[PDB]
């Protein structure tokens, strides 16, 4: 449900094939928030409970509304926190394909992490999905240093955070359908395109 720590809790001797690291939006609970469980259930259907570890970014990521105003749209302490989960993934389970996602502040956190990540771990992320990406206009729909074909951005018409603002309007809260169909679909498809472990 809203907290999943499958990578922290997982046994290295029994590595899943796919690890999803997800960062939640502002003020959301647990470490998955309102969209993370939906995507998680569908990935579990595609690969089985033991084929996929779902890991949310917790620890120092507080998902404080105010940090959207910071230079990268998130605190440096949250970037260090997600960066460390990508590095735990790569060390615990080197053969696993990674996938990532984020909503609102977590889409800006997912883009800032991936931009700073070591290239050999970044290249292991077969697909990333961003919902209501606060840096969409600034970054022209891309995550820096990361292929356009592996990125999918869900930005609703009228979601002001997609169009250079930080005003939260109603379309910003309307990504439940996407998290239920299109986004797991894109992720399962990018993972099957390269394969698993």
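Residue numbers count along the first chain shown, from 1.
- Message: So, looking at the entry's B-factor column for Cα atoms, which has the higher mean, 21 to 29 or 180 to 188?
- Response: Result: 180 to 188.
- Mean C-alpha B-factor higher for 126 to 134, or for 155 to 163? Per the PDB record, 155 to 163.
- Query: According to the deposited entry, which of 55, 34, 42, 145 has the largest Cα B-factor?
  - Reply: Highest C-alpha B-factor among the listed residues goes to 42.
- Query: From 104, 97, 90, 119, pick the one with the largest CA B-factor in the entry?
  - Reply: 90 has the highest C-alpha B-factor of those listed.
- Relative to the other modelled residues of the same chain, rank the CA B-factor of residue 174 and answer lowest, middle or highest third. Ranked within chain, residue 174 CA B lands in the lowest tercile.
- Query: Of the three thirds of its chain by CA temperature factor, lowest, middle or highest, which one includes residue 69?
  - Reply: It belongs to the middle third of the chain when residues are ordered by C-alpha B-factor.
- Message: Ranking every modelled residue in this chain by its Cα temperature factor as given in the entry, which third contains residue 168?
- Response: Middle third of the chain for residue 168's C-alpha B-factor.
- Query: Of the three thirds of its chain by CA temperature factor, lowest, middle or highest, which one includes residue 77?
  - Reply: Residue 77: CA B-factor falls in the highest third of its chain.
- Would you check the entry's CA temperature factor for residue 63 and let me know if it's in the chain's lowest, middle or highest third? It belongs to the middle third of the chain when residues are ordered by C-alpha B-factor.
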